[PDB]
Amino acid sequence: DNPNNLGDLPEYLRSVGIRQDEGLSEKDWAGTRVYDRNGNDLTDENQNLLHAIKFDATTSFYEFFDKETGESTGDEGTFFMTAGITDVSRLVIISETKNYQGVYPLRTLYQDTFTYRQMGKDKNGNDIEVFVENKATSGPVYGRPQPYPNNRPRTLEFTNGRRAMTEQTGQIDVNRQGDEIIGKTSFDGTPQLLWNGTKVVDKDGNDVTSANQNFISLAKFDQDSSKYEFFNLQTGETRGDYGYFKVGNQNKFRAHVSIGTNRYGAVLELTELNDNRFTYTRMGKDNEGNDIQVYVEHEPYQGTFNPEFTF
C-alpha cells in the first residue's frame, strides 16, 4: 500500500518528519515569496532562492526545476525532514549533482504552503535569515467546500530519479524503518543503541581495515531527532563529525549531513541492515593503496563508553 511505511505503522507511531516527507511528495512546489523574520517582503532581492520542487518520500529524492519552464536545474539528490519527535523540524538537502548540503529549519507546512528558513540578502546586500515561502502549483484550491473538486494536475517529472540499489552482503530488514534499527529510542526518546565499525572488507570479503581505518567510528544515532555523531572508537571523544541522518529508499541507503569540523554530505548504499549488523559500501583502499570498492561493517558496541551528543 504505502511502500515508504515499512512495517505498516499507524500514523501516530511514525516520526513527524517522515509524515512531512509524504505530505511534501503529494504536490508540486514553487518558491513564491521571501520575507525577513518581521514579515517584510524581500522577494526581489532573493530570486535565486525560488525554484520549483518535486519530492519523493519513498526514495528520499528531490529535484529542482525552473519555475518558468519546468526544465530541470540539474540539481537533484537526497532530502528529508528531520524526525521532529524530540527536536525541532529541519529540511535537509544533500545534493548529489551540485556538491552541497543545506539545513533549513521548518517554518510552515500546511495545505499549499511550505516555508523554511535560509540565509538570504536584505535591501543592502547584508546576509540575513529569511523565510522562503513555497506554494503548491498542483492539488486542491483549498477554498470553500466542494463535493466535486477541480484539483490542479501535477506536471513536474524527475529527469532520472533515484538509481536502482542492488548491492547486498547480508540480510536487509524491510519491516522496520532503518532509523529505528540503528537509532532506536525508548518511549521517552532516549537513544538506546551504539554501534562500532568492526572491519572494512573488499568485495571478496578480504579484510582491508588497515587501509581504511578512518572509516571506523563509535557511532550514535537517534531516530527521534535524526541526530548522529561519530566518536573515536578508542578514546570515546567526538570526531567532530555530527549532524543529521536518514535511512531511506526501502532501507537501501544511509545519508547524512555533517554540520561540524568538516562540512560534507554522504549518501551510502546499505548492503546489510539488521539488529546485529549494518554495512555500507563506498570507495576505499586496499593495502597497496589502490582504489577499490569497500564494505564497512558495524556491530552493536560492547565497550564501556556511553557518549552524549556534543550538539
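Residue indices: 1-based, along the sequence shown.
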- Could you check the entry and say whether 147-155 or 75-83 has the higher mean CA B-factor? 147-155
- Message: Mean CA temperature factor from the deposited coordinates, higher in 264-272 or in 43-51?
- Response: 43-51
- Query: Whose CA atom has the top B-factor in the entry, of 205, 183, 105, 161?
  - Reply: 205
- Task: Among 227, 90, 199, 121, single out the one with the highest C-alpha B factor in the record, please.
- Result: 121
- Message: Taking only the Cα B-factors deposited for this chain, tell me whether residue 136 sits in the lowest, middle or highest third.
- Response: middle
- Would you check the entry's CA temperature factor for residue 31 and let me know if it's in the chain's lowest, middle or highest third? middle
- For residue 285, the third of its chain by CA B-factor is the middle
- Among the chain's modelled residues, which third holds the C-alpha B-factor of residue 96? middle
- Would you mind ranking residue 130 by its C-alpha B-factor against the rest of the chain and naming the third, lowest, middle or highest? highest
